[PDB]
Each structure stands twice: as structure tokens, then as C-alpha cells.
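Participant: turn this into a model:
(6 chains, ligands or ions: 2)
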Amino acid sequence: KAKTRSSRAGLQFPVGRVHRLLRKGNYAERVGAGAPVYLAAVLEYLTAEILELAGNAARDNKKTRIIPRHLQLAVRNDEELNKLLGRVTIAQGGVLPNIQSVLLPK
Amino acid sequence: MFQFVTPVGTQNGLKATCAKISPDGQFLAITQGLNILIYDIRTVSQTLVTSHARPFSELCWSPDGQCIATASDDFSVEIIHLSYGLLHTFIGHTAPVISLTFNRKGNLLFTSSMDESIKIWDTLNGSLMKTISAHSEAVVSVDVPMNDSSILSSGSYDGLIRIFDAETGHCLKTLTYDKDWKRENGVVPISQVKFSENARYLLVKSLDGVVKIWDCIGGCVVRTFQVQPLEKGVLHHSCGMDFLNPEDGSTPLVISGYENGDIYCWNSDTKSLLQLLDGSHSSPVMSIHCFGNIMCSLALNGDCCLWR
Amino acid sequence: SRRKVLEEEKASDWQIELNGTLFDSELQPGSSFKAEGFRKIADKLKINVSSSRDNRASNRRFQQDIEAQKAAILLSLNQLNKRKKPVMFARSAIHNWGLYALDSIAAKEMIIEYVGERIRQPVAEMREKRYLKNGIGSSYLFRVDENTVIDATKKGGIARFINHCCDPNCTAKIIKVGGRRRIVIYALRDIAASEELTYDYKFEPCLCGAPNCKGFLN
Amino acid sequence: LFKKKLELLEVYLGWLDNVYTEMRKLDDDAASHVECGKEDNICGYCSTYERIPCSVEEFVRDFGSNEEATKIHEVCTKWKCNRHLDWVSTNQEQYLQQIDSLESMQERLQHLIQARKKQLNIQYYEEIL
Amino acid sequence: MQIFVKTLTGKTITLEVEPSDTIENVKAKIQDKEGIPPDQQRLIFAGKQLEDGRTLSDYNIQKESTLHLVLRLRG
Amino acid sequence: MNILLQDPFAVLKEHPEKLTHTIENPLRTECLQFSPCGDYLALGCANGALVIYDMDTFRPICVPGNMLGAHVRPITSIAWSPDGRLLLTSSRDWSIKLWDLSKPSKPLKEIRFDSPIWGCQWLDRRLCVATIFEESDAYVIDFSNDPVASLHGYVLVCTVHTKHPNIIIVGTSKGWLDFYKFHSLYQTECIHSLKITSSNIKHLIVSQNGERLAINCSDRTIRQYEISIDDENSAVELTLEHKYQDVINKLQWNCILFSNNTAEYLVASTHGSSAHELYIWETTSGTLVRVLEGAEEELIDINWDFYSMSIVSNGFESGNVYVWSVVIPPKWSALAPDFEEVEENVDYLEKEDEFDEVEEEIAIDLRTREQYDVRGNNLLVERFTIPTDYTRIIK
Ligand SMILES: C[S@@+](CC[C@H](N)C(=O)[O-])C[C@H]1O[C@@H](n2cnc3c(N)ncnc32)[C@H](O)[C@@H]1O
Ligand SMILES: [Zn+2]
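Facilitator: Numbering: from 1, shown residues only, chains lettered A, B, ... in the order given. Ligands and ions are numbered 1, 2, ... in the order given. Here you go:
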């Protein structure tokens, strides 16, 4: 019987899909047979690392549905996920609360 | 039954605290205020002068018979080489230190203080290693076993008999309750603790003359020795106790000296008393130290004796 | 006999001066320890790991190892509030035991859940009465809601080692995970390393020790 | 008891130190024979200082093209061979730190005598009383 | 009689057994209650690993005792 | 003991998981070797300096050869004696030096050669087996009075079988395993040979019960066989069990090692650039299970200690010695006799009673000792103690 290529490596993200995208995206003339697996592992690691902080935020905000504001918080509150997404803008993410100290009353 | 040999001790001077035989059954280290007497066995004595500023409470030999540690109330502890004078001055405590002992290898020394804490010192490099603050009371006795060197028991004046580790110093098991988890007037200070020869059972004496043997794996008492009249069971000093595993002994014995000059002998397996000695009644026996088939007893005076 | 006087004066004077130098304390009194000295004085004069990313990665790897093992079975799920900071327990000022942060933590961040056995209200009353009976007199009860309380006197987490202080640096909120209410402890203000975790009990004597402070836990 | 304990200090000063210095000094001529033969190329090997024989008649010509590998006074090397390290270079260093260790315990052990004496003066101060 | 089996994960199961049951019977009981095959588990009591062939009563186990179940985990 | 009392969840981990300490050596380390029990660490420094640290303090306890006879240049082998008393070492100074650790000022015995050394190995009696540089035969030095005797390219690594100490194994510089039967004193005939690769064998390790063997080829692979012996030391066969390698960047291996008795785990250290980690595979299935990730430099050597259960490895660029050990956290649950800690809110069930207020003679053996601990390490083995030297303490 068949056995999905993304299940032989303990991954959730599809490996046949990533392989077809690498093949038909015109990145190189030939694609190693283990490159899609590595890339899919890295993709699911990053998405889990951001979804975890998003869930932590949505829970510490007494909701139970991850929502764009929670992703904006999870990203801009980190320090390395902030450099990976320094140029992006997350639609409906608002901004991070911050007020300068020269402005706060004395 | 065990016959007497000779009361060689020097009963003149200040009061003596203890006398522990050397690990080869050859020497007797007795203490007096700011000095150490050394009796050979042969009949001769030598003397070592210390560097303390107060009378010291306990001293114990080294597994090679080449050093002596001493615990003086000047808040420091002094390890002196028997032949090359004083060697190291551990000066980290902030309270009168009481008891001391080091492990089978002489690689780390264990000190109990009134700071409500314990300290693990490094002998050779003279530096401190660890500090274990797990008491709100007077930590009066610490003891590592001889066959093992990984655990150490700790008794205080609040009943807490803790077990820690020499490698990392965490609390492994506590067999009793302090004031917060029992009726406050049920407390009973612990005087002297002692491991069995295989570190599986714990001998313990309290300030009501009882002598218990705990199964430190199950945490439950299994044997209790006592004097059926309560005349001197109630006591006030570190009235010596010890263990006597005879060479090819059937069942080892427990020995204790109460606030009289009395010394008892109980068969641990049967609890039936076998023999008692007195004076040979004059003063509270301050310490007993046994060995393969011998025993040195020291009363509150310079009164010193031994048996066989 | 010249040695007697000579070495006596030399060593004695040197040793007492050495003790004086080593004594930054107040030179408390005390005799030897063959005297039956209890000195049970009330006031004592003496004293008194990698990152979060590594931790979350190790936790997810362990949980997915469990989920890969699950093909052989339930009886294996984990308390979901694993995102807890590293703390420790040691002797404290406000009371005997206390909880010290092991690493510097920021503000508005989860620290630990206060976990114990769930009981109703009359059971809690009976239990606190019986504890007052046996000399416990140290309530560890916590109110989840009107008809349920957590009891951590005999079973619970190290969150039972956090003392009440008139000025807290940690608060306690009530999340609902899996549809059930639980008590989490958030960092109110920033907390540096080796700092005791203060927290306001709101009980409705006080060894507070705070600069500004009131004499009642009530 | 003590004269036996630290008369070995005098042993450690004199006897093994002169034997090892003589064994170290032999390597000078054992190096000089091979050096003068080599200067008249192949790396003069070791294994010729044992009794410092250098069993040879005329080293400038006994090494001559006829026989190359030191048939007599046999050094390990036949040619520029990396088989050995040719310990003839810096051989003294071994003996040098050898005698350096000699001198180190010498100073340490002299200090130990003084400490023993500092304790034994007090001994006869207590034994007189 | 009841004995306890404490799993690392935080779960304790209260198995019903008799002192005359073999340890193999105990492993079978843990399976038929929880579905864990006896081959993959590992039972520990009082610091000593319970030996595969012997019996429960060999270890003097009586009712309401607790003992630890660790898994011989793998890929 | 300290383990019987511990809970059997955090004490029965299968291998180290985090690094705890990082010894710094002033010289550069080249060889590591624990004592037969996890007591002493005999380091061989860069310039023949040989120190013996103690695992309770991590600071030196004895420097053999302080009087004389010490080593002068990089050391290449350190082998302890099963009791703990004697210690064999060999360096690039061509000399093999056996030290009696009851008088560690000077070497007890020593022999000299005509080439650098790769490794010395103990047999009991007193007889070692040595592999010399560039030579094609091993050496049996039964030096109770200093005699030496001899016994497919070259010979690099030797190792004696664990169960049958008469069997000897050796790997060649051309791919040949050669076995020997020490059926005599100084005459040994082979019993088996074969050639499994075309490159140099670099390591020959064997489990403690002769039921496994591993080989590190110069090719970037690790060959694991299941050896077995029989027939009065004549029956000998090999069955290929697994081959391990680095699938991503094809790095090379620097040293390999097994677990204690059944060898359920294989630990290897990588060699190429950007290689700072140790791999840990199983051996039954052969799948990767762990990667030790502590150091920041190429790691040369490895050593496992099963009593304290710690992995020790010396860096290459710096010269430090990192230690990965099992860590057990302090349990507050111990502070009282009945303080059981939970992780999640447990529910409570109550009997109808709770609302309604209101000789011994057990077997006791105090002189008997315990043979095996929780892990399964054999206690009661003779553990000789290195005598403390006081001369270097007064200053
Ligand atoms: C969660 S327990 C604190 C743990 C306690 N230190 C121990 O050693 O277990 C809270 C209880 O400790 C005592 N306590 C805590 N904080 C206190 C304070 N500031 N003043 C007085 N008692 C306090 C009270 O008995 C209170 O009910
Ligand atoms: Zn207050």
C-alpha cells in the first residue's frame, strides 16, 4: 500500500507538494531527492514556532482563537522572529504599545 | 559481655569532648581546651597545639591517620596534619561549628554549624564547595557512611532528620516533622545520628534517651531501645552513642552512655539487654567511639576508659 | 617554660586579632557546646537554563515523541501549562520557605500554575479546621470560584512556596483551558534574578518587611 | 626516624642528579660525532648515544657513498625518512626538564625541612616542660 | 487487592491484583486495562527492577503499594 | 544509594542530555580515560604532562612523574588497571610507562621503542599489548622485569575481547580485521581474518559482553557487526548489522563508543569543519535518537562513565574538557514524609466518614551489603584510592 512521503519523516507539511513546487518553480535544473524533505521540515518548524507564541498570546488575552493581532504580538514581541519579518506588515495587526519616556508626565 | 583493660586517660585539666579511635585501631585522639592529646596503643602520649581561639567541640580522624580536623566555636574549623602542623583554616561559617566528618576518600569535609546550615569544604584545595541551608534550628550532627560516600544524614534540635547528597546537596528524605506539621510540644531534639555499616539503616538518639533505628528506604522505625526507668533518659548534653559491629559478629550491637557514667549494650536484632558498665557512675559519659572489637568511652570529666 | 608565656601571648593575641578582623558581625555571645545550651532566642542575629526557545523545542520534541509512541495505546497527556519559568525554593525572610526566580524574567509573562487537589467548599472548611487542629495553622487553600477550591497542603506544585507581600511583583489570574478554570501566576512588574516572588493573597500579623506595608495579611 | 625521612633529600640532591646529568652530557659528543660526519644530505638519526659508542673509524669517509646507512654506529635513518622524529634534535630537553624537576623538588623539600623544624622546636619546648 | 502503577506522564493507575498473581499476570493486567503490550514496558519497585520470570509475591507486594512504570521508549 | 532514594524516572534516563561543567586545562588535552569506576579522570596534556583530576572537585589530585620520568611530548594512550592501582600510559616519546599509583612521584616501570605509539592495552598478571607507528605487528610486553616480544598493510588499533581475554583483535591500514589467540606466552597464531573495506580502520570497540562490535573506516561510514565466539576460542564469525553515516554533509568520525553491557547506544564524534556535536544512535534499529549539542569546536575524544553516567570529551581548538551528565532536579516532595507532588489538578473522592469527626520483629540485616544499584552497576569492586601527597600542600 502507499505511504505518504511526508509521513516517513514525522512531518505534517507535505513533501510531495514542496517537491513539485521546487521542480516546477524554475529554481534549478535538478532537485535532490532530500531537499524537499529538509525544506518542509524547516517550514513546519518555523510555523510551529510562531503558532506557539500566537497561541500563548491568544490565551494570555483570554480568547481561544488566534487572530491577526495575536500574530503581530507574537512576532514583534520576540527578538529573532522580528528580524525575519522586519519588512513585512501583518494586515489587521495594529501596532505594539509603546510610549516614550520624555512624554510620560512627571 | 566485654572485659575492661585500662583507664589510661588523663583526668586532669579541662573537660574533654570526645575521643575517636584511629581507623587502624592504633591511636586515641583526646581533646582538651586548645590542645590535643594522642595516646598510643604501647603506652605513651603526645601533644598537639592548635590555632583556635575557643574550646572546640568535636574532632575526627582521617582514613589514613595523617590529619585531624577540629571544630572550634570561633566560627572556623581547622585541619591540622599530625606531623607538619596546621594545614587549612576553613573560615566561612558564622556560628559555633559543632560536628565534622569526611568521606571514605578524605576528598570532601562536612561541617555542621549553628548558622542553621551545613557546609561541604574541599580538603586539599582548602576552599568551600557547597552550602546546604535546610534547617530552622540547631544542626548538631552530620555523618556520611563509610562504605558509601554519596549520602549524609543531618540531625537538629527540632527533630528533623534529613538526608542529603554529597555530590549535589539536595534534600532526599526527611523522616520526622518539625513544629509546623505536628503538635508543637511533640518536638524532641536529635542529639546524635549514625549510619549502619552498610548505610541502609540509620541509628539515632534523641533528648529523651530513646534510641531508634530507621529504615531510610521506608522511612519507618523498626527498632527502639530504651531504659525502662526514665531516670537519665531525659538528658541535656550530646550523651555519646555508637555502634559495634564485631569482627565476624553474629548481630551487631548498639552502645550508649547516658548522663551517668553508665554504658549499655543492646543486641539490635533481639533488643534484649546484655551488659552495662559504670564509672570503671561518676559523670555523664560525653562520648563513645567503637572499633572492630574495642571501644573508648569518655565522660564529661577527663575520665577516659576503653574495653575489648 | 619560656615557651609557655612566649607562644601563649604571641598566638593568643594574633588569633584574637584575626577573629576580630574576620568578625564583621556584632560579636554575639556563646559558650562551648558541652554546656547544655539551647539559646532558643526569637530573633536570630546571623544571616536571614539555556533559553525559552531551547525549552520550547525540547518540549515539542518530547511531546511529539509521545504522540509517535501513542500508536501502541490516554494515560499519557501532559499538563498543557508547561510554559513555566525556572524557579527554586529556599529559605526566606517573609516566612520560612519561599520561591526565588532562577533567571531574570520580564513583565506580563506567565510564571507557574498553582496546582493542587480540587475540593468543594464544605470539604475545604473541614480540612482547614482539621489542619488548625493538628497545629498546621498555615492555610494553602485557594479559591477557584464560588463552589470549588484548590488545596495544596499535601499535594501540589512549588507554587505553594510563594509568600504574601504588601507589595507584590506577581499576580494571579484565572485562565480557562480545555474548558476548565486554572490559576496562573503572571509577572506584574519586571523581576531580576535571585529575587523572591512576591504575591498578594487577598485574604479579606504580617511579616511583610516591605518599605511601605501594613501589619495584617487580612 | 626523621634523618631517614629527609636524608633522601641529600640523595635526591647528589646521586640521581649526577647520574642523569652525566647521561645528559653524553649526548653532546653523541651529537657531535654525527654532526661532524653530516657536515662533510641525510638526517643523522638517534640510537647512537646508548653507550655513546659511535662505533666508527673515519666518520667522514665511513659514511662515504659506498655504504649509506651507517652499517657501523647504526643510526635509524637511511635517508631523509620521517619514520622517526630524529630525537637527536632537542633530546636534551627531556633530560633538561628532568633536571628541572630535580631542582624543583629540591627547593620544595628544603622548605619542608624548615616546616618540620618549626614544629619540632615547639616539640622540645613541650618536652622540656 | 489494589496496587498502584505510577506512569512518568503524571498518571497513576489503580490495578486490582492478587498476591498469588505472577508478574507476567501483572503485565497482562496493565495491558488489558491500558492496552500497553507487556514487552514494551518496564516495571520498577524499591529501586530493583522486577525480574521477568518471578512472581508478585516474590517481592512481598501487598495491597495499596505503589510502583513505577517506565517505558523502554524507541523510535 | 542516593539513587535508591531518588525517584526512578529522572535517574533512569538512558544517556546524558545536557552539559554541566567545562574543565579548562592549561596545556592541551589529547587523551581522556576515567578510572574503572567513575572516580578519577586521567588526562594526558599537550607536552607529556599527565594529570589526574577528581570528579568530586574537578581540580587536580596527582601529577605522576613530578619527581622524574615524566613524559615530554603528546601522550597517545592511558589505560587503567581493573583494580585501580596501576596505570599504563604511552606517548609519542616512544616510551611505555607503567605507574604504581601508591608512589606516584616516579614511574614504576618503563620501556622504550624505535617509533611513536598509537595505543597500549592491559592484560591482567601484568602484560600489555601495544601498536607501534608504521609497523605491521603488535607487541606483547609482559614487563614484570621489562621483557618485550612480538607476535595486509599495517596495524593501527588493537583491542582484546572482553569475555575471552585470550582473543585479540587488530585492524590494518588496508581494511583487514585480523584475530589472534593468545594460547601461549609469546607465540600466537591467527584464527580469522578478512577485509571489509579499502580504507584504513581507525577504531575497534567491543561491547562488554562480546555481543557487538563497531568499526570506523576512513570512508565516512561506521560498520557495526554482531560478533560471536565459540569452540575453545576457534569458532568466530561476523554478521553485518548496520552502517551509519552523515547523510547531509558526509562528515568524518573522530571516535566512537558503546553503552555499558548490551550496547544499546552508539556515540560518535564528527571530524569535519563546522562539526561541534556528538551523534547518538541506537544499535538494534540503528536510527538516530540524539545529538549532543554543547561544545563550540571539533571534538576529538569521548569517554563514558556508567556509575555517574557522564560523557566526557576534549575540545580540539581550545583544549578544554566538556562534561555532559544526567541532571536530577531537587524535589520539594522530600521535605516531609507525606508530600506527594502532582502536575495537574487531581480530583478528590471522599468517603462518608470524612464529614463525621471521630512485637514488630521484622527482618533486619545491618552487615549485609547491596550488590547492584538501580542502573545495574556492580558495587563492592575494589576501588583503590590515590594517596594524597602532603608535600605540595604546605605552600
Ligand atoms: C503558601 S504558604 C507560604 C509557604 C511557607 N513559607 C512554608 O514554609 O510553607 C502561606 C502561609 O504561610 C504563612 N505566611 C505566608 N506569608 C506570610 C507573611 N507575609 N506573614 C506571615 N505569615 C505568612 C501563613 O501561615 C500563610 O497561610
Ligand atoms: Zn505587611
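
Participant: residue of chain A nearest ligand 1, please.
Facilitator: Of all residues in chain A, residue A:60 sits closest to ligand 1, with a separation of 23.8 Å (Cβ to the nearest ligand atom). (C-beta placed from N, C-alpha, C; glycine too.)

Participant: what's that residue sitting at in phi/psi?
Facilitator: Dihedral pair for residue A:60: phi -60, psi 0, per degrees, to the nearest 10.

Participant: ok, it - how many residues close by?
Facilitator: Residues lying near residue A:60 (other Cβ atoms under 10 Å in any protein chain shown) number 18.

Participant: which residues are in contact with the closest residue to residue B:145 other than its chain neighbours?
Facilitator: Taking Cβ to Cβ, 6 or more residues apart in numbering or on different chains, and ignoring the residues beside it in sequence, residue B:145 has residue B:199 as its nearest neighbour in space, at 3.6 Å. For residue B:199, the residues meeting the contact criterion (Cβ atoms under 8 Å, 6 or more residues apart in numbering or on different chains) are B:145, B:147, B:148, B:151, F:1.

Participant: give me the most central residue, chain D.
Facilitator: Central residue check for chain D by Cα atoms, centre = their mean: the C-alpha nearest the mean position is that of residue D:24, 3.1 Å away.

Participant: quick one: which two of the contacts of residue B:199 are the most distant?
Facilitator: Farthest pair in these (Cβ to Cβ) is B:147 and B:151. Separation: 11.2 Å.

Participant: which one's more surrounded, these two?
Facilitator: The residue with more neighbours, out of residue B:147 and residue B:151, is residue B:151; 24 against 16, by other Cβ under 10 Å.

Participant: which residues in chain E form helices?
Facilitator: In chain E, the segments counted as helices under DSSP state H are E:23-34.

Participant: where does it get nearest to ligand 2, which residue?
Facilitator: Among residues of chain E, the one nearest ligand 2 by Cβ to the ion turns out to be residue E:10. It sits 36.8 Å away.

Participant: excluding its backbone neighbours, what's nearest that residue?
Facilitator: Using Cβ to Cβ, 6+ apart, the nearest residue to residue E:10 is residue F:343, at 4.4 Å.

Participant: what is the burial count for that neighbour?
Facilitator: For residue F:343, the number of neighbouring residues by other Cβ under 10 Å comes to 16.

Participant: helix, strand or coil for the residue positioned nearest the centre of chain A?
Facilitator: In chain A, the residue lying closest to the centroid (Cα atoms, centre = their mean) is residue A:47, at 3.3 Å. Classification of residue A:47 by DSSP: H, G, I helix; E, B strand; the rest coil places it in helix.

Participant: residues touching it, list them.
Facilitator: With contacts defined as Cβ under 8 Å, 6+ apart, the neighbours of residue A:47 are residue A:13.

Participant: quick one on the thing from earlier: ok but the residue nearest to the centre of chain D is inside a helix, no?
Facilitator: Yes - under the criterion used here (three-state DSSP), residue D:24 sits inside a helix.

Participant: that one contacts residue D:97, correct?
Facilitator: No - the pair formed by residue D:24 and residue D:97 falls short of the contact definition of Cβ atoms under 8 Å, at 10.9 Å.

Participant: now whichever residue of chain E sits closest to chain D: closest residue in space that isn't a chain neighbour?
Facilitator: Per Cβ to the nearest Cβ, the residue of chain E with the smallest distance to chain D is residue E:75, at 47.6 Å. The shortest distance from residue E:75 to any residue other than its chain neighbours is 4.7 Å, reached at residue F:287 (Cβ to Cβ, 6+ apart).

Participant: try residue F:242
Facilitator: residue F:286 (4.0 Å).

Participant: is it true that that neighbour touches residue F:244?
Facilitator: Yes - under the criterion of Cβ under 8 Å, residue F:286 makes contact with residue F:244 at 6.7 Å.

Participant: who touches both of the two?
Facilitator: Overlap of the contact sets of residue F:286 and residue F:244 (by Cβ under 8 Å, 6+ apart) consists of residue F:224.

Participant: who has more neighbours out of the two?
Facilitator: Summary of the neighbour comparison: residue F:286 and residue F:244, criterion other Cβ under 10 Å, with residue F:244 having more neighbours (22 against 16).

Participant: surely that one and residue F:224 touch.
Facilitator: Yes - at 7.1 Å, residue F:244 counts as touching residue F:224 under the criterion of Cβ under 8 Å.

Participant: what do the two both touch?
Facilitator: Both residue F:244 and residue F:224 are contacted by F:266, F:286, under the criterion Cβ under 8 Å, 6+ apart.

Participant: which residues sit in contact with residue 53?
Facilitator: As the question left the chain open, I've gone with chain A. A:74, A:75, A:77, A:78, A:81.

Participant: correction: the question concerned chain F.
Facilitator: Residues in contact with residue F:53 (Cβ under 8 Å, 6+ apart) are F:23, F:40, F:41, F:43, F:59, F:60, F:61.

Participant: equivalent analysis for residue F:311, please.
Facilitator: Contacts for residue F:311 (Cβ under 8 Å, 6+ apart) come out as F:15, F:16, F:267, F:278, F:292, F:302, F:303, F:304, F:305, F:323, F:324, F:325.

Participant: contact partners for the first one?
Facilitator: Contacts of residue F:15 were listed using Cβ under 8 Å, 6+ apart, and they are F:259, F:265, F:267, F:280, F:290, F:309, F:311, F:326.

Participant: let's see that with 7 Å instead.
Facilitator: By Cβ atoms under 7 Å, 6 or more residues apart in numbering or on different chains, the contact list for residue F:15 reads F:265, F:280, F:290.

Participant: most neighbours, which of those?
Facilitator: The residue in the contacts of residue F:15 with the most neighbours, by other Cβ under 10 Å, is residue F:280 (20 neighbours).

Participant: please identify the helix or strand for that one.
Facilitator: Following DSSP states H and E, the helix or strand that holds residue F:280 is strand F:278-281.

Participant: residue F:224 too?
Facilitator: Per DSSP H and E: strand F:222-225 holds residue F:224.

Participant: quick check: closest non-adjacent residue to the residue of chain D found nearest chain B.
Facilitator: Closest approach between chain D and chain B, counting by Cβ to the nearest Cβ: residue D:119, at 4.7 Å. Closest residue in space to residue D:119, ignoring its immediate chain neighbours: residue B:85 at 4.7 Å, by Cβ to Cβ, 6+ apart.

Participant: ok, now residue B:39?
Facilitator: Using Cβ to Cβ, 6+ apart and skipping the chain neighbours, the partner closest in space to residue B:39 is residue B:28 (4.1 Å).

Participant: partner strands of the helix or strand hosting the one you found and their direction?
Facilitator: For residue B:28, the host element (DSSP H and E) is strand B:27-32. For strand B:27-32, sheet partners with direction are given as strand B:19-21 (antiparallel), strand B:35-40 (antiparallel), following DSSP bridges.
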